[PDB]
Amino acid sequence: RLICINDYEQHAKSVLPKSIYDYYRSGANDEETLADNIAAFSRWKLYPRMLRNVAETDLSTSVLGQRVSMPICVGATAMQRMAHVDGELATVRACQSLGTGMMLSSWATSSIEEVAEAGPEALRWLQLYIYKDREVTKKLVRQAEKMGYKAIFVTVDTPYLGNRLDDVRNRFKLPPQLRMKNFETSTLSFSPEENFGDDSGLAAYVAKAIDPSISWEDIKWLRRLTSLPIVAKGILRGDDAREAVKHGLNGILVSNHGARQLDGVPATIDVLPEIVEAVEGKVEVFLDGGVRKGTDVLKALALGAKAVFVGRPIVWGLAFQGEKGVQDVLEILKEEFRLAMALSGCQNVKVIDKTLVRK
């Protein structure tokens, strides 16, 4: 049956309710950036070295000082229990098996503590939104600390939600039995049965809960709040990347939010080199957006990323077979990446160099 990431999406479309598949699939507006996150990878061509001895390929690396089995990690995707009953618990168990890390959404359908209990040995990080209520925000950071999470990925590209047309058409909301489990009030939990207007429920949730005023001053607050490593997630400009470094942050996740926020921004693989150049080696730079194949991972590392994060493929893995489906998606990416390394002449990630790619 399913032998590549595209097969998993096709299967997911066949089993998921339309509103759920559309929520997960969609980009913003006319979905120009959604298409380009994938197309852009195809424009970067590979220049493989031959005869390098690739009998012993070592995919291991490190993310913010923590060892991982491969430079391929799970990105934050909200509300994973829509795809499979075990949701984020399934995901974390698969990451533990693979030896890679899971970035947990602030909008998860499982709590910070539930996920730590399901994956005690898994490398785990918290993706944070800055809520208007700073006490909610602080509690999230404190729970992450207490529960053994190793970094905070602060999302900086979502002062408001992007306009995902299908979610507006479908009047997207959670299924009745589910909630955003990190919160206790009906509104902050995204309770269906609560008034989220007549368009996308999630856009109205964001408008009610998430602070559109945040600024660099709020990054200063967050940097003083926690001594955990903090990564700025959603940076697309070199000037903003230099500002993140100036604020004492510890990495940059080059991201257009899976093309779900501002449509018409560049593909992340295309902006990666500017950002790598701008940070001058001071912090690790990561990528997400459009990673589907081992060669995508290779290209991102050649251009200077430490690791990549995958969003939608993980959700499709859940939709197929929960924990096992996520494990299989990650194993496919791992094997494709191993093969791409070997065929390119790379024994390990340290020798994946800039001469391997040209646009």
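Think of the rigid core as the biggest set of C-alphas that the two forms share within 1.5 Å after superposition. Heads up: residue numbers just count along the shown sequence, starting at 1.
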Exercise for the section: Could you say which moves further from this form in 9 other deposited structures of this protein, stretch 203-211 or stretch 132-140, by root mean square CA distance after aligning on the core? Expected result: 203-211
Problem - Unresolved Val279 in a third or more of other entries flanked by modelled residues - result: no
Problem - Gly87 dropped in a third or more of the other entries - result: no
Completion exercise
For 279-287 versus 189-197, entry-based mean Cα B-factors point to 189-197
Practice task
Using the B-factors recorded in the PDB entry, average over the C-alpha atoms of 202-210 and of 231-239, then report which stretch comes out higher.
Solution key: 202-210
Fill in the blank from the handout: When the entry's CA B-factors for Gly101, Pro176, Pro71, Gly251 are compared, the highest one belongs to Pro176
Practice task
Using the temperature factors in the entry, find which of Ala259, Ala90, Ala76, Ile219 has the highest value at its Cα atom.
Solution key: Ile219
Exercise for the section: Quick one: classify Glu114 as lowest, middle or highest third of the chain based on its Cα B-factor. Expected result: highest
Handout entry: Third assignment of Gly322 from its chain's C-alpha B-factors
Key = middle
Exercise for the section: Check where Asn170 lands among this chain's C-alpha B-factors and tell me if it's the lowest, middle or highest third. Expected result: highest
Fill in the blank from the handout: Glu145: CA B-factor among chain residues, third -> highest
Completion exercise
So, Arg224's CA B-factor, relative to its chain, sits in which third? The highest
